[PDB]
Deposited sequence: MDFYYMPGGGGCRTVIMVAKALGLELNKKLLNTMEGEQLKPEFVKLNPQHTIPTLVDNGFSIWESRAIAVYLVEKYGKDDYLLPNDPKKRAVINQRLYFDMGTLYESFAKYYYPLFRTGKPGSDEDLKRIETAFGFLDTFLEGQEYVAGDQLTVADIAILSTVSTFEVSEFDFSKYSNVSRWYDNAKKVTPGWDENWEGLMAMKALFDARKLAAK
């Protein structure tokens, strides 16, 4: 399956980790969006929104990182790995995925993409507080086992770590993060993508 991507991006790194966890091979096609490579007509035919990540899986084109992630698990995941069958448990996972996009990652973008006001820094703190509460009394963000929601939020929180946002006062988040780093497949490739992204801005 073809994976149109940039290695530093959080959405791209989420899919990378999910694919590694599922033991799936990605044929990586680096599209430099800083050089408008995502506007090539061959790519636009696959994804008319011409966004990355985009995965092409035997003729099937899908984009939005969190949609890709859930698709790979629903198609290739064995048993209840990373995603259960239960509507209730699945709903919590889905709410955490929208949290990750609309609240947690959104606060990252608002504060670091103007590379940032005190107000937007407060927005990050507020988001981390919610995540900390989400993690009260459980090892993972949506329950008792690693899910796609953990992997997505790891992608985001590791971006914060490398950008040097200090979340050490968030006891649950810090404990979750250390565990997630050890148990999540593909962390090494997440870290590589982050490290270049850091060396980039640095």
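K.L.:
Which segments of the deposited sequence lack C-alpha coordinates in the modelled structure, numbering from residue 1?
P.N.:
Model skips 116-121, 209-215 of the deposited chain.
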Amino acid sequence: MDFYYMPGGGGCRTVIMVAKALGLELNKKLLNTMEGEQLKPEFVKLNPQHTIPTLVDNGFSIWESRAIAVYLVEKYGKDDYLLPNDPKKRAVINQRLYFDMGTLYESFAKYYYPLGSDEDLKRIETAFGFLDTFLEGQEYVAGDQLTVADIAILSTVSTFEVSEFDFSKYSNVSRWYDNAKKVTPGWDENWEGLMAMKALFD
From here on, numbers count along this sequence of modelled residues.
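K.L.:
Comparing 23-31 with 145-153, which stretch shows the greater average C-alpha B-factor in the deposited entry?
P.N.:
In the deposited entry, the stretch with the higher C-alpha B-factor mean is 23-31.
K.L.:
Higher average CA B factor in the deposited record is what I'm after, so tell me if that's 192-200 or 3-11.
P.N.:
Higher mean C-alpha B-factor: 192-200.
K.L.:
Sorting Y111, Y98, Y71, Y105 by Cα temperature factor from the record, which one lands on top?
P.N.:
Out of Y111, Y98, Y71, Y105, the record gives the largest C-alpha B-factor to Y111.
K.L.:
Select one of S61, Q138, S163, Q49: the residue whose C-alpha shows the highest B-factor in the crystal structure entry.
P.N.:
Among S61, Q138, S163, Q49, the highest C-alpha B-factor in the entry belongs to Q138.
K.L.:
Lowest, middle or highest third: which one holds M17 when the chain's residues are ordered by CA B-factor from the entry?
P.N.:
Bottom third by C-alpha B-factor.
K.L.:
Could you tell me which third, lowest, middle or highest, the C-alpha B-factor of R175 occupies within its chain?
P.N.:
It falls in the middle third of the chain.
K.L.:
For the chain shown, is the CA B-factor of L83 in the lowest, middle or highest third of its modelled residues?
P.N.:
Ranked within chain, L83 CA B lands in the highest tercile.
K.L.:
Could you look up the Cα B-factor of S168 in the entry and say which third of the chain it sits in: lowest, middle or highest?
P.N.:
Its C-alpha B-factor belongs to the highest third of this chain's values.
K.L.:
Going by the CA temperature factor in the PDB record, which third of the chain does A127 belong to: lowest, middle or highest?
P.N.:
Ranked within chain, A127 CA B lands in the middle tercile.
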